[PDB]
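Containing TSV, C-alpha atoms and all ligand atoms: input39.tsv.
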```tsv
chain	number	residue	atom	x	y	z
A	1	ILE	CA	0.00	0.00	0.00
A	2	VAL	CA	1.40	3.36	-1.11
A	3	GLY	CA	0.20	6.47	0.71
A	4	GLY	CA	-1.76	4.62	3.38
A	5	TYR	CA	-1.72	4.42	7.15
A	6	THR	CA	-0.86	1.78	9.74
A	7	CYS	CA	-4.13	-0.08	10.35
A	8	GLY	CA	-3.48	-1.10	13.93
A	9	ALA	CA	-3.13	-4.66	15.16
A	10	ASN	CA	-6.07	-6.92	14.33
A	11	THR	CA	-8.30	-4.06	13.18
A	12	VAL	CA	-8.84	-5.84	9.82
A	13	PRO	CA	-9.78	-9.25	11.23
A	14	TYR	CA	-10.57	-10.95	7.91
A	15	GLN	CA	-7.16	-10.15	6.37
A	16	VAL	CA	-4.91	-13.16	5.83
A	17	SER	CA	-1.32	-13.56	4.69
A	18	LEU	CA	-0.51	-16.39	2.27
A	19	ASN	CA	2.89	-17.84	3.17
A	20	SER	CA	5.16	-20.21	1.24
A	21	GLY	CA	8.21	-19.63	3.42
A	22	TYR	CA	7.57	-15.87	3.16
A	23	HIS	CA	4.53	-13.64	2.65
A	24	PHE	CA	3.59	-13.49	-1.02
A	25	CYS	CA	-0.09	-12.45	-1.28
A	26	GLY	CA	-3.08	-11.41	0.76
A	27	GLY	CA	-6.50	-12.98	1.03
A	28	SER	CA	-9.79	-12.69	2.88
A	29	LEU	CA	-11.44	-15.13	5.29
A	30	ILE	CA	-15.03	-15.69	4.15
A	31	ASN	CA	-16.00	-18.44	6.65
A	32	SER	CA	-14.17	-20.61	9.14
A	33	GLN	CA	-12.70	-22.90	6.47
A	34	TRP	CA	-12.36	-20.85	3.26
A	35	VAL	CA	-10.25	-17.98	1.98
A	36	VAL	CA	-10.65	-16.02	-1.23
A	37	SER	CA	-7.63	-14.57	-3.02
A	38	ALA	CA	-6.44	-13.75	-6.56
A	39	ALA	CA	-5.83	-16.56	-9.07
A	40	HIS	CA	-2.52	-14.98	-10.00
A	41	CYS	CA	-1.42	-15.79	-6.41
A	42	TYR	CA	-1.77	-19.56	-7.06
A	43	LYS	CA	1.04	-21.84	-6.03
A	44	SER	CA	1.37	-25.16	-4.25
A	45	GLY	CA	2.34	-25.39	-0.59
A	46	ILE	CA	0.31	-22.52	0.87
A	47	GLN	CA	0.08	-21.88	4.61
A	48	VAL	CA	-2.65	-19.41	5.54
A	49	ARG	CA	-1.73	-17.04	8.37
A	50	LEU	CA	-4.65	-15.50	10.27
A	51	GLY	CA	-4.57	-12.97	13.08
A	52	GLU	CA	-1.39	-11.30	11.83
A	53	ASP	CA	-0.16	-7.78	12.35
A	54	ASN	CA	3.65	-7.94	12.25
A	55	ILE	CA	4.36	-10.83	9.85
A	56	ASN	CA	7.92	-11.23	11.22
A	57	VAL	CA	7.10	-11.43	14.96
A	58	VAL	CA	4.86	-13.87	16.85
A	59	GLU	CA	2.59	-11.51	18.77
A	60	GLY	CA	0.04	-13.98	20.17
A	61	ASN	CA	-3.12	-13.85	18.03
A	62	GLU	CA	-1.90	-15.85	15.03
A	63	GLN	CA	-3.39	-19.03	13.64
A	64	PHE	CA	-1.30	-20.86	11.02
A	65	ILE	CA	-3.30	-23.39	8.97
A	66	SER	CA	-2.23	-25.27	5.84
A	67	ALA	CA	-4.35	-25.33	2.71
A	68	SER	CA	-5.94	-28.63	1.71
A	69	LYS	CA	-7.32	-27.58	-1.68
A	70	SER	CA	-6.99	-24.60	-3.99
A	71	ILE	CA	-9.52	-23.86	-6.75
A	72	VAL	CA	-8.66	-21.31	-9.43
A	73	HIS	CA	-11.67	-19.91	-11.29
A	74	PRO	CA	-12.56	-22.08	-14.31
A	75	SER	CA	-12.18	-19.17	-16.71
A	76	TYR	CA	-9.10	-17.42	-15.28
A	77	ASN	CA	-6.93	-15.97	-18.07
A	78	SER	CA	-3.39	-15.20	-16.90
A	79	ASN	CA	-2.67	-12.98	-19.91
A	80	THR	CA	-5.60	-10.56	-19.40
A	81	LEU	CA	-6.20	-11.23	-15.68
A	82	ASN	CA	-9.89	-11.72	-16.37
A	83	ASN	CA	-11.53	-13.78	-13.61
A	84	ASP	CA	-8.62	-13.22	-11.21
A	85	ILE	CA	-10.11	-15.11	-8.24
A	86	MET	CA	-9.23	-18.30	-6.36
A	87	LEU	CA	-10.66	-20.18	-3.35
A	88	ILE	CA	-8.48	-21.90	-0.74
A	89	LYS	CA	-9.85	-24.48	1.70
A	90	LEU	CA	-8.15	-24.76	5.08
A	91	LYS	CA	-7.20	-28.17	6.47
A	92	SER	CA	-9.06	-27.33	9.70
A	93	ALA	CA	-11.48	-24.60	10.69
A	94	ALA	CA	-10.15	-21.38	12.11
A	95	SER	CA	-11.24	-20.27	15.57
A	96	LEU	CA	-13.29	-17.09	15.11
A	97	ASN	CA	-13.37	-14.13	17.65
A	98	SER	CA	-13.06	-10.30	17.47
A	99	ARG	CA	-9.50	-10.41	16.11
A	100	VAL	CA	-10.03	-13.25	13.57
A	101	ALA	CA	-13.36	-12.99	11.79
A	102	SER	CA	-14.94	-13.60	8.42
A	103	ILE	CA	-16.07	-10.92	5.98
A	104	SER	CA	-19.50	-11.17	4.36
A	105	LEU	CA	-19.99	-11.64	0.66
A	106	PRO	CA	-21.99	-8.94	-1.10
A	107	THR	CA	-25.60	-9.27	-2.09
A	108	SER	CA	-25.32	-6.42	-4.58
A	109	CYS	CA	-22.52	-4.74	-6.48
A	110	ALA	CA	-21.16	-1.46	-5.17
A	111	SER	CA	-21.53	1.75	-7.16
A	112	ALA	CA	-18.88	4.23	-8.23
A	113	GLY	CA	-18.29	6.78	-5.48
A	114	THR	CA	-18.53	4.24	-2.65
A	115	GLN	CA	-15.64	4.46	-0.19
A	116	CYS	CA	-13.78	1.23	0.54
A	117	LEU	CA	-10.93	-0.04	2.72
A	118	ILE	CA	-7.96	-1.75	1.03
A	119	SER	CA	-5.27	-3.43	3.12
A	120	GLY	CA	-2.04	-5.38	2.81
A	121	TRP	CA	1.66	-5.95	3.45
A	122	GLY	CA	2.80	-4.90	-0.03
A	123	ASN	CA	5.32	-2.34	-1.20
A	124	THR	CA	4.88	1.17	0.20
A	125	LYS	CA	6.87	3.03	-2.51
A	126	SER	CA	5.98	4.01	-6.09
A	127	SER	CA	9.67	4.18	-6.94
A	128	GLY	CA	11.93	1.75	-5.24
A	129	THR	CA	10.99	-0.87	-2.72
A	130	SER	CA	10.18	-0.90	0.98
A	131	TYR	CA	8.09	-3.71	2.41
A	132	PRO	CA	6.44	-3.12	5.76
A	133	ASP	CA	6.23	-5.63	8.55
A	134	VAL	CA	2.83	-4.41	9.83
A	135	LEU	CA	-0.49	-4.19	8.01
A	136	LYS	CA	-1.21	-1.01	6.03
A	137	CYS	CA	-4.60	0.44	5.14
A	138	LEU	CA	-5.98	2.80	2.51
A	139	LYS	CA	-9.42	4.36	2.13
A	140	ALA	CA	-10.29	4.85	-1.55
A	141	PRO	CA	-13.39	5.28	-3.70
A	142	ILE	CA	-14.62	3.11	-6.52
A	143	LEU	CA	-14.17	4.96	-9.81
A	144	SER	CA	-16.69	5.13	-12.63
A	145	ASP	CA	-16.41	2.48	-15.30
A	146	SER	CA	-15.91	5.24	-17.88
A	147	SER	CA	-12.91	6.63	-15.97
A	148	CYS	CA	-11.50	3.13	-15.54
A	149	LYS	CA	-11.81	2.28	-19.24
A	150	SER	CA	-10.30	5.65	-20.19
A	151	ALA	CA	-7.26	4.93	-18.02
A	152	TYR	CA	-6.77	1.39	-19.40
A	153	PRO	CA	-8.16	1.26	-22.93
A	154	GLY	CA	-8.91	-2.22	-24.15
A	155	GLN	CA	-8.08	-3.87	-20.82
A	156	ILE	CA	-11.09	-3.57	-18.47
A	157	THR	CA	-13.68	-6.35	-18.53
A	158	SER	CA	-17.05	-6.52	-16.79
A	159	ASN	CA	-15.29	-8.51	-14.04
A	160	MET	CA	-13.03	-5.60	-13.02
A	161	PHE	CA	-13.39	-2.21	-11.40
A	162	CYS	CA	-10.98	0.61	-10.68
A	163	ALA	CA	-10.54	2.22	-7.28
A	164	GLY	CA	-8.19	4.90	-6.06
A	165	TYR	CA	-7.12	8.35	-7.10
A	166	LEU	CA	-6.46	9.56	-10.64
A	167	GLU	CA	-4.02	12.14	-9.27
A	168	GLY	CA	-1.76	9.32	-8.03
A	169	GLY	CA	0.01	9.00	-4.72
A	170	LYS	CA	-2.30	6.46	-3.05
A	171	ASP	CA	-2.77	2.88	-4.30
A	172	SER	CA	-2.25	-0.79	-3.61
A	173	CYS	CA	0.96	-2.35	-4.91
A	174	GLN	CA	3.01	-5.53	-5.35
A	175	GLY	CA	2.51	-7.85	-2.40
A	176	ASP	CA	-1.01	-6.57	-1.73
A	177	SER	CA	-2.36	-8.85	-4.47
A	178	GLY	CA	-5.18	-11.13	-3.42
A	179	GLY	CA	-6.19	-8.94	-0.51
A	180	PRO	CA	-9.50	-7.34	0.31
A	181	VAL	CA	-11.43	-4.31	-0.84
A	182	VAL	CA	-14.25	-3.91	1.71
A	183	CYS	CA	-17.07	-1.43	1.26
A	184	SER	CA	-19.95	-1.01	3.71
A	185	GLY	CA	-18.90	-4.16	5.54
A	186	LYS	CA	-18.90	-6.44	2.46
A	187	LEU	CA	-16.10	-7.88	0.33
A	188	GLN	CA	-16.44	-6.13	-3.04
A	189	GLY	CA	-12.96	-6.47	-4.53
A	190	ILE	CA	-9.73	-8.42	-4.69
A	191	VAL	CA	-6.41	-6.63	-5.32
A	192	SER	CA	-5.54	-7.69	-8.89
A	193	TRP	CA	-3.35	-5.41	-11.05
A	194	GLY	CA	-2.33	-1.95	-12.17
A	195	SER	CA	0.43	-0.22	-14.11
A	196	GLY	CA	3.12	0.50	-11.58
A	197	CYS	CA	1.79	1.77	-8.24
A	198	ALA	CA	0.29	5.13	-7.37
A	199	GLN	CA	0.99	6.63	-10.80
A	200	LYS	CA	-1.08	9.48	-12.21
A	201	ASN	CA	-3.99	8.29	-14.36
A	202	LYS	CA	-3.25	4.62	-13.52
A	203	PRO	CA	-5.53	3.56	-10.66
A	204	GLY	CA	-5.67	0.11	-9.18
A	205	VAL	CA	-7.75	-2.60	-10.84
A	206	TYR	CA	-9.72	-5.04	-8.72
A	207	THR	CA	-11.65	-8.25	-9.30
A	208	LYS	CA	-15.40	-7.52	-9.04
A	209	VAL	CA	-16.47	-10.03	-6.37
A	210	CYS	CA	-20.21	-9.47	-6.77
A	211	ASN	CA	-20.04	-11.28	-10.13
A	212	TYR	CA	-18.70	-14.44	-8.45
A	213	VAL	CA	-20.99	-14.97	-5.44
A	214	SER	CA	-22.92	-17.84	-7.06
A	215	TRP	CA	-19.70	-19.64	-8.02
A	216	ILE	CA	-18.25	-19.12	-4.54
A	217	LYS	CA	-21.34	-20.43	-2.77
A	218	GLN	CA	-21.73	-23.45	-5.06
A	219	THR	CA	-18.06	-24.34	-4.79
A	220	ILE	CA	-18.00	-24.15	-0.99
A	221	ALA	CA	-21.18	-26.26	-0.79
A	222	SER	CA	-19.61	-29.13	-2.72
A	223	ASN	CA	-15.95	-29.16	-1.55
B	1	CA	CA	2.88	-12.10	13.68
```
Can you present the structure in this file as structure tokens?
Ligand SMILES: [Ca+2]
Amino acid sequence: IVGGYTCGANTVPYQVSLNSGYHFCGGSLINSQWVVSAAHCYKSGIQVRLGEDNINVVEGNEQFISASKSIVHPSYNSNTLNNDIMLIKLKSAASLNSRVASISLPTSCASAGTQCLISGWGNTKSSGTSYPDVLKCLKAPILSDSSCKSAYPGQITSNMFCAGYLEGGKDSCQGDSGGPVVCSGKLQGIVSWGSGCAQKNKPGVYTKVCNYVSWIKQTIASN
């Protein structure tokens, strides 16, 4: 997250870190046994880390649970990043409380102008690299589809939305991928892609979760 603020420990209780020896992507806890992330974060050997603030220090609220099954969306296209969504089943159920909690799925899609909360452990610089140990947060609005398509001609599908600031300076970034965009208490986006980070006229692009609720629910019911 570029241009954000320190969230505070366990203030984003649905945020998870995906770990394969190191943090590599975010995700969101959607019930006690399932996480949603970005398909471009797929790899084998995932440990899901819940209850984290500092990802390099054991602070006392963590739960570390291996994945038993990963399911990339049937229609994910790695060249265009269309359908950039993946479900991860935990080997055992997490223990839910105030500091580790699920986020609800949306019943309707959010409109442009809605303010959302984006969070992650990704790069904090638009030039150069500095990776934080503690969770960072950013409040940002959903942009109109027309603004989004203007910024990225030929690249925005119906399964994507833009959020952020056309003036630059505030955005998600590398290492935030897979993490949540929460608006009015519902998961509306997944950190997916952008051109650089926090550049003028290049806002972040997010997977539009409301298009996937049926697939999510059906998949969880059968796996
Ligand atoms: Ca920790």
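When all atoms listed in the file are used to measure the gap to ligand CA 1 (chain B), the shortest distance among A:121, A:193, A:34, A:5 belongs to A:121.
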Residues at most 7 Å from residue A:35, counting only C-alpha atoms, excluding those fewer than 5 positions away in the same chain, as a PDB file with C-alpha atoms, in the coordinates of the input?
```pdb
ATOM      1  CA  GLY A  27      -6.500 -12.980   1.030  1.00  0.00           C
ATOM      2  CA  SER A  28      -9.790 -12.690   2.880  1.00  0.00           C
ATOM      3  CA  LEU A  29     -11.440 -15.130   5.290  1.00  0.00           C
ATOM      4  CA  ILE A  30     -15.030 -15.690   4.150  1.00  0.00           C
ATOM      5  CA  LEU A  87     -10.660 -20.180  -3.350  1.00  0.00           C
ATOM      6  CA  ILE A  88      -8.480 -21.900  -0.740  1.00  0.00           C
ATOM      7  CA  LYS A  89      -9.850 -24.480   1.700  1.00  0.00           C
TER       8      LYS A  89
END
```
>> Just checking: using only C-alpha atoms and all ligand atoms, which residue out of A:104, A:17, A:199, A:129 ends up closest to ligand CA 1 (chain B)?
In response: A:17
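The residue that comes closest to ligand CA 1 (chain B), out of A:55, A:156, A:213, A:220 and on the basis of all atoms listed in the file, is A:55.
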>> Taking only C-alpha atoms and all ligand atoms and a cut-off of 10 Å, can you tell me which residues surround ligand CA 1 (chain B), written as a ChimeraX atom specification?
In response: /A:9,49-63,133-134
> Between atom CA of residue A:80 and atom CA of residue A:154, what is the spacing in Å?
Replying inline: 10.2 Å
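Our summary of the geometry notes that atom CA of residue A:100 is positioned 19.8 Å from atom CA of residue A:68.
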